[PDB]
Amino acid sequence: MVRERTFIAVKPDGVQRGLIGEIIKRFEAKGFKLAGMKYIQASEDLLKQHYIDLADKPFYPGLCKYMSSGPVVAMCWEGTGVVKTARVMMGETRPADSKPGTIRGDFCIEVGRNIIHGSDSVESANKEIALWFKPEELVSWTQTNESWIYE
Amino acid sequence: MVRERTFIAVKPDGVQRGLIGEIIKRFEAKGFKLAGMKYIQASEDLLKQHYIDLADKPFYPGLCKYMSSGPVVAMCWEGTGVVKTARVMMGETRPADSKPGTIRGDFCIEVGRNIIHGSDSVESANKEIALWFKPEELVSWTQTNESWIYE
Amino acid sequence: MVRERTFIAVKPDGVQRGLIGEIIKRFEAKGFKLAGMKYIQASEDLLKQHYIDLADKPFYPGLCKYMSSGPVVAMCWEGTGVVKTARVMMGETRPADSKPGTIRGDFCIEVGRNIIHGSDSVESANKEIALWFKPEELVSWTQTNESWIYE
Amino acid sequence: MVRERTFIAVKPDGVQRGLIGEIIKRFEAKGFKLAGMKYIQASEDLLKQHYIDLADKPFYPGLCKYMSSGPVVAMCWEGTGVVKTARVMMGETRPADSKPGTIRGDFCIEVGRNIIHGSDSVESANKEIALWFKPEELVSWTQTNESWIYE
Amino acid sequence: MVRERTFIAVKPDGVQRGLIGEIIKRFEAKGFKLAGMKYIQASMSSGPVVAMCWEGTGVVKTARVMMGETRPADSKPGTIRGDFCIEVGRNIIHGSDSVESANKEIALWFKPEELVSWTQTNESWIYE
Amino acid sequence: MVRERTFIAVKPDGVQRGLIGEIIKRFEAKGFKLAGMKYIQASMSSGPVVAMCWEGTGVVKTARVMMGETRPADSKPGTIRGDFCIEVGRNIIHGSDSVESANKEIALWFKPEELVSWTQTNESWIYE
Ligand SMILES: Nc1ncnc2c1ncn2[C@@H]1O[C@H](COP(=O)(O)OP(=O)(O)O)[C@@H](O)[C@H]1O
Ligand SMILES: Nc1ncnc2c1ncn2[C@@H]1O[C@H](COP(=O)(O)OP(=O)(O)O)[C@@H](O)[C@H]1O
Ligand SMILES: Nc1ncnc2c1ncn2[C@@H]1O[C@H](COP(=O)(O)OP(=O)(O)O)[C@@H](O)[C@H]1O
Ligand SMILES: Nc1ncnc2c1ncn2[C@@H]1O[C@H](COP(=O)(O)OP(=O)(O)O)[C@@H](O)[C@H]1O
Ligand SMILES: [Mg+2]
Ligand SMILES: [Mg+2]
Ligand SMILES: [Mg+2]
Ligand SMILES: [Mg+2]
């Protein structure tokens, strides 16, 4: 019964500013299915791998330390088109360019404090999910209202 | 003053997923006036006429079938530019193309389970409202703060 | 498959103050099932019958005229214990004695403007539902998530 | 400073009815600190131990069976008086006796589908937290505005 | 008609934790009328407070009910202190405990210029 | 650090329709800092307005985005005008259109005493 998945994380600013439930609420209200979830303080080296494609960018060392500075909520969300749709729901990388109604549009201001992460593509999602989740931490179950979300 | 009216329906998935109140609340908040409301399981005959323009589309027979599967909330809403504005508030026909902040943007995933209907034009609204409501079932009244909504 | 029902109405102040959706939202969120709904401007004589047991009270003539002064949303809600549970959700007859968290506790101030009505007992509900609803206006359907509300 | 901790679980009906975010959001809003969170379909063995005190109750075997039917959200929350206060926020064991404003008061109907669990005491919390979480899975951190929550 | 009035303040912890709008929304939703509002660091004085005067039938006692008990521990869910805080020294909001207190507190915090006379157009749907 | 500041007013239709708290909650949620607040009938003057000064990086243009277009008809859902109103003459809120406008509007509506200097303790989670 399996459907596309993506990796979503509430960043340390999201946790510190009390937005975990508000963020999850939006993904539930959309009809997406929660397949995995954990709360951790990730190591700086874990984040260096998560953001490996950015290793040469000037903000990278500070981004990885920052993302390891507090707990994060790591999540796997599942549904048709969830990878691209979640990005839409978050807004742009820069909150300044994110529209009201989006998570970043509604809740934050700066690119370095943009509360949330979502995979940018299916292949990125597959890598990120495997990096953060062990296979047994991914739950298979079926939403009773699946009939009303998918024909 | 009598203003423009549109026909809005909460589809069976919208009723089943408990979004009636949320949808009505968005229209009240916007400033529009409720002019008619009933709750029915519509006949397939009625829906075939409702969607008569799409009678040759592949999805037509399934659409009408599905829209008559359960109760819907049928509404008439009144206010300046309410036809085009209600459509903006719902989003695009496909939720995948709808923006966060809109009803479909926030709440659903698939074009076949897109929780709500709105007339696409004034002429469409005139036909639909007459199809769903008897004249005696429409309510004319004046919002006390209508002067804070309209100059 | 039938379960207890009650009659709930959004009074004219509830409609005028934009609380229809907020009220319905609360009954949906609770797990109750919407069985019937209509929007009407009820006659003063209909209300005189609705409130017949109060015919000798000083506020009665003014209460019946008032309740016929604007549109009301008439509803039948269904579920285990719904009659008594809905009253709890509304608060006391007097908003002054209704606790925050209740509909009257949150949204109004005076006994004569207390936004909502609910049947006080099963026998009252049976009478009120029959007075306001024709039998065909009552919808039989089954909430897909009934399994998660009732064991 | 290390403060009191409690074990809180979103039950399978709570997950299925899309109330994860809403529940977490209430605990964040109150000022409590998230100290642990995982998402699992628990073994029936684990639940039999979780509820071991109720092993002779008629509802016990069905309870454990049901709690292992789907994924639950397992949580550790931290703060002054969090054990007794979390229980207040959920309501009474039976939703019928729970007040509007509480989680069960707002969201459910039956004692067997009462969406959430909280430890009934500190000693119960110590056992439950150890049963559901390995030491390495609990997160110690400091809320930046903790000084606006505690003097 | 000028109705009963009470003093309500969002305390510095209320301002710091971003609860100003949430508190105001509750009093507006209830049907009470905002009569006065300012934002000041008074000369507790650990930061800005929102000082307010709300007006309506029985607003003094009702606003206290809406806040919850003095201690959040004794405050019920649905109330402001019940939903949003934990400790007695960090209980986010203040409300006058009587008409006399209210009258004194209003006079202390507000100049008469700062109490605005107006009528909610929906007043006839709130007050008989 | 003193950051950029803009003038925002809840218009009389905004006050009359009970949207003050809702508007404030949006600016608090976004992470902007309330710098000044009053409530007055200015000498449009058809009733009370809530006058505010909000502070943060890019607050002038961002607050305009949060409001939506000048006309609610062109305002998108999610925005204040998009969610809550219909006509251009009843568009509930005002925001300065530039830093220069903001500076002038703030000076016009607020005395320097009424701009409170403070720091959100969560500032380090909003600003790098
Ligand atoms: N110019 C920048 N300055 C500081 N931080 C940045 C910048 N660009 C990106 N970041 C941070 O790095 C994270 C990952 O970057 P990237 O993968 O490019 O964006 P996204 O999160 O949209 O996929 C961003 O979410 C943001 O927190
Ligand atoms: N390609 C499609 N496949 C399935 N159902 C569709 C498709 N396109 C439209 N529908 C359904 O038919 C309904 C009516 O179509 P249409 O009138 O074109 O759109 P709208 O609802 O936006 O007015 C849509 O709301 C949608 O639920
Ligand atoms: N003392 C009173 N003064 C004015 N109106 C009243 C009074 N008591 C009751 N009412 C109005 O009459 C309605 C019906 O009264 P009743 O059936 O006694 O209360 P309830 O609505 O709780 O069943 C109330 O909801 C209220 O609007
Ligand atoms: N009489 C009952 N019938 C069915 N299930 C029950 C009954 N009483 C309790 N339960 C279930 O067992 C759970 C555990 O019981 P208990 O520990 O007594 O209550 P609480 O959950 O409030 O701590 C309850 O939350 C409820 O879901
Ligand atoms: Mg990237
Ligand atoms: Mg169409
Ligand atoms: Mg009665
Ligand atoms: Mg127990």
Side-chain angles (χ1 to χ4, degrees), chain A residues 5-20 23-24 27 34-78 82-83 86-87 90 92-95 103-104 108 110-139, chain D residues 2 33-40 73-76 78 132-144 146, chain F residues 122 124-128:
Chain A
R5 332 222 251 214
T6 184
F7 176 73
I8 307 296
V10 181
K11 297 181 171 186
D13 41 317
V15 173
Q16 284 281 359
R17 292 178 55 216
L19 289 169
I20 305 180
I23 286 169
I24 290 172
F27 285 92
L34 181 63
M37 185 160 67
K38 68 160 79 183
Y39 193 49
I40 60 91
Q41 189 165 302
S43 75
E44 187 184 335
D45 273 285
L46 191 295
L47 270 320
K48 289 156 68 173
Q49 277 279 61
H50 177 83
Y51 289 119
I52 191 64
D53 70 292
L54 304 173
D56 291 327
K57 301 222 173 300
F59 58 87
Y60 176 82
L63 160 73
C64 292
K65 278 167 159 34
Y66 171 70
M67 285 286 297
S68 54
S69 68
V72 299
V73 185
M75 289 167 292
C76 173
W77 284 90
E78 178 177 333
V82 69
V83 171
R87 304 274 294 192
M90 298 178 177
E92 308 294 333
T93 307
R94 291 171 174 79
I103 295 174
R104 289 177 189 131
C108 60
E110 287 196 358
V111 71
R113 297 296 184 264
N114 66 359
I115 70 176
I116 190 165
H117 159 88
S119 313
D120 59 25
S121 63
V122 175
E123 198 199 80
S124 283
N126 292 336
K127 185 211 172 205
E128 293 168 4
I129 297 173
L131 171 70
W132 290 83
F133 284 103
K134 301 170 187 300
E136 75 269 14
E137 285 168 337
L138 301 178
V139 173
Chain D
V2 184
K33 169 159 54 178
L34 183 64
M37 183 168 64
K38 72 168 68 166
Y39 180 65
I40 50 170
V73 179
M75 290 170 300
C76 182
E78 185 171 334
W132 288 84
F133 289 93
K134 310 167 166 295
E136 48 271 38
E137 288 172 323
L138 297 167
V139 178
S140 293
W141 58 294
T142 302
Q143 296 154 274
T144 297
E146 111 145 15
Chain F
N122 55 30
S124 298
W125 299 109
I126 301 174
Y127 298 106
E128 180 163 25

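So that the names make sense, note that chain A is the first sequence line, chain B the second, and so on, each numbered from 1. Quick note: numbers below take in every heavy atom, side chains included, and nothing from hydrogens, waters or symmetry partners.
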Test item: [X] and [Y] side chains (from C-beta on) under 4.5 Å apart, heavy atoms:
X: F/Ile126; Y: A/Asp13; result: no
X: A/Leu131; Y: A/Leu46; result: yes
X: F/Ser124; Y: D/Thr144; result: no
X: A/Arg5; Y: A/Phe133; result: no
X: A/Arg87; Y: A/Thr6; result: no
X: A/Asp53; Y: A/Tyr60; result: no
X: A/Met90; Y: A/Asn114; result: no
X: D/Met37; Y: A/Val73; result: yes

A/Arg94 backbone acceptor or donor facing A/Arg104 side chain under 3.5 Å: no

When rounded to the nearest 0.5 angstrom, what distance separates [atom1] in [X] from [atom2] in [Y]?
X: A/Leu54; Y: A/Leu63; atom1: CG; atom2: CG; answer: 7.0 Å
X: A/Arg113; Y: A/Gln16; atom1: CZ; atom2: CD; answer: 11.0 Å
X: A/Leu34; Y: A/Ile24; atom1: CG; atom2: CD1; answer: 7.0 Å
X: A/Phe27; Y: A/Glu78; atom1: CZ; atom2: CD; answer: 14.0 Å
X: A/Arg17; Y: A/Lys11; atom1: CZ; atom2: NZ; answer: 13.0 Å

Worked check of side chain to side chain contact (heavy atoms under 4.5 Å, CB included) between A/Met75 and A/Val10: CA-CA 8 Å; A/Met75 289 167 292; A/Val10 181; 3.7 Å; yes

Can you name the nearest heavy-atom pair linking [X] to [Y], along with the distance?
X: A/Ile8; Y: A/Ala86; result: CD1-CB, 3.7 Å
X: A/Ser119; Y: A/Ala125; result: OG-CA, 3.3 Å
X: A/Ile115; Y: A/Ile103; result: CD1-CG2, 3.6 Å
X: A/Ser68; Y: A/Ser43; result: CB-C, 3.9 Å
X: A/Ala42; Y: A/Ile40; result: N-CD1, 2.9 Å
X: A/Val15; Y: A/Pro71; result: CG2-O, 3.4 Å

Just wondering, more than 12 heavy atoms not from A/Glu136 lying within 6.0 Å of its CD?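 Enclosed.
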
Under the rule for salt bridge (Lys or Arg N to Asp or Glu O under 4.0 Å), what residues qualify as partners of A/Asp56, not counting sequence neighbours?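 With neighbours one apart ignored, the set is empty.
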
Audit row: A/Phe7, A/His117, side chain to side chain contact (heavy atoms under 4.5 Å, CB included) steps and yes/no: CA-CA 8 Å; A/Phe7 176 73; A/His117 159 88; 3.6 Å; yes

By ring pair (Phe, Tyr, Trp, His ring centres under 6.0 Å), A/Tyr66 pairs with (sequence neighbours left out) F/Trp125

Identify, with sequence neighbours excluded, every residue that meets ring pair (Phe, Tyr, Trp, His ring centres under 6.0 Å) alongside A/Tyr39.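 Ring pair (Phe, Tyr, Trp, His ring centres under 6.0 Å) check on A/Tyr39 returns nothing, list empty.
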
Given side chain to side chain contact (heavy atoms under 4.5 Å, CB included), test A/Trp132 with A/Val72 step by step and report yes or no. CA-CA 11 Å; A/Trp132 290 83; A/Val72 299; 3.9 Å; yes

Carefully, step by step, assess A/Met67 and A/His50 under the rule side chain to side chain contact (heavy atoms under 4.5 Å, CB included). CA-CA 10 Å; A/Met67 285 286 297; A/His50 177 83; 5.8 Å; no

